[PDB]
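The structure appears right after this line, and notes come after that.
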Amino acid sequence: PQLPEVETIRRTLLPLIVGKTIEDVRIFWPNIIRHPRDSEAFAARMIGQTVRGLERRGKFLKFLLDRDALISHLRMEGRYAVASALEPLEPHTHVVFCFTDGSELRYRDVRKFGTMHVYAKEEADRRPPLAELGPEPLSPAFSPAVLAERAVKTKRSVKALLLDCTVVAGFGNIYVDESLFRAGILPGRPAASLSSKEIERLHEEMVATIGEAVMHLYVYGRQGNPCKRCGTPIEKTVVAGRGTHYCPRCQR
DNA sequence: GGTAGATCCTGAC
DNA sequence: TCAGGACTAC
Ligand SMILES: [Zn+2]
């Protein structure tokens, strides 16, 4: 899931778990647990805590309990569901939080790429994976000025810059390619080669593209098909190690 | 320090 | 054979 989907999860999951008290935590793929490194310590500390809130930072979910916060990233295919402890688990369920009311919060992930970190609330923001996280793309903290500062200071491509979590929080591949197309900028351009006008325009399209989503694709996954704006075949290459889609006519 | 590289894991080739 | 987000060593 991408940022907009993660926000939808935050909104819809919260009422389904708020005020419930953890009675058990069951872990079927320990690699997912990143802190405490010992999955048994992870499970033990959460027991007896009540869910008080659920926040999002970038593509991370932050479950707020009594003492601790649980920081969760779903990566490509992770998913949460709330269901009865009386029913069989779905395939690829790797972590389960059991509540005193007989319901469960279940984490599934076919690829097993997702991560979980637990810390005392007051420490969560200054430890990985939240430490160093850039500003929310939809917040005043993410400004053309901030983007300009990072752009001028690097030798990397503009695509690499946008993919960097320290630059802006949770801006995914699909939105990078769509934003660059909408801003008329080739993904392979050196970030420092962008004019102030290009930076401004890119910031604007980033906010609009992801803003629209949180509430129709031009290039992403459209290789070999005609550009919706000029009819030129969309091309796909690799930029910053990622599948990268662009129109060689609309983007410069 | 900035930056590439390595890394996980398995469905779809 | 390999893409895909967010500690190590060049
Ligand atoms: Zn075009």
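Proteins come first, then strands; the chains are lettered A, B, ... in the order of their sequence lines, and each starts at number 1.
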To the nearest Å, how far apart are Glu77(A) CD and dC8(B) P?
17 Å
Can you tell me how far P in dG5(B) sits from the matching atom in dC2(C), rounded to whole Å?
15 Å
Taking the six-membered ring for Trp and the full ring for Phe, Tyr or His, determine whether the centres of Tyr107(A) and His94(A) are under 6.0 Å apart.
no
Nearest whole Å is fine: how far is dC8(B) P from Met76(A) CE?
13 Å
Could you check how far CD1 of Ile174(A) sits from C1' of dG5(C), rounded to whole Å?
15 Å
Remember a base hit wins even if backbone is also touched, and classify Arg242(A) as base, sugar-phosphate or nothing at under 4.0 Å, heavy atoms.
base
Between CZ of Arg111(A) and P of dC9(B) the distance, given in whole Å, is 12 Å
Please report the distance, rounded to the nearest Å, between CD1 in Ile32(A) and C1' in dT7(B).
16 Å
Distance between P atoms of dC7(C) and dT10(B) (Å, rounded)
23 Å
At less than 4.0 Å, is any side-chain N or O atom of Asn31(A) found next to OP1 or OP2 of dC8(B)? Yes or no.
no
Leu74(A) has an atom CG; how far is it from atom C1' of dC9(B), in whole Å?
16 Å
Report the distance from atom CG of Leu163(A) to atom P of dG4(C), rounded to the nearest whole Å.
10 Å
Rounded to the nearest 0.5 Å, what's the gap from CZ on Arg150(A) to OG1 on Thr166(A)? Could you check?
4.0 Å
OP1 or OP2 of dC9(B) versus the side-chain N and O atoms of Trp29(A): is any pair under 4.0 Å?
yes
Look at the side-chain N and O atoms of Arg75(A) and state whether any lies under 4.0 Å from the OP1 or OP2 oxygen of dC8(B).
no
Return no unless some side-chain N or O of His73(A) is found under 4.0 Å from OP1 or OP2 of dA6(C).
yes
Phosphate contact (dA6(C) OP1 or OP2) by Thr115(A) side-chain N/O below 4.0 Å:
no
Main chain of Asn173(A), side chain of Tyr220(A): is a donor-acceptor contact present, judged purely on distance under 3.5 Å?
no
For residues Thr244(A) and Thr237(A), is any side-chain donor paired with an opposing acceptor at under 3.5 Å?
no
Atom pair distance, as rounded to whole Å: CZ in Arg108(A) and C1' in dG11(B)
15 Å
Proximity to the side chain of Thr154(A) - top-ranked nucleotide from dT3(B), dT10(B), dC8(B)
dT3(B)
Taking the side chain of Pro128(A) as its heavy atoms from C-beta onward, which of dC9(B), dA6(C), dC7(C) lies nearest to it?
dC7(C)
Taking 4.0 Å as the cut-off, does a side-chain nitrogen or oxygen of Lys155(A) come that near to OP1 or OP2 on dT3(B)?
no
On the ring face of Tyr218(A), is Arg182(A) found with NZ or CZ under 6.0 Å from the centre and within 45° of the axis?
no
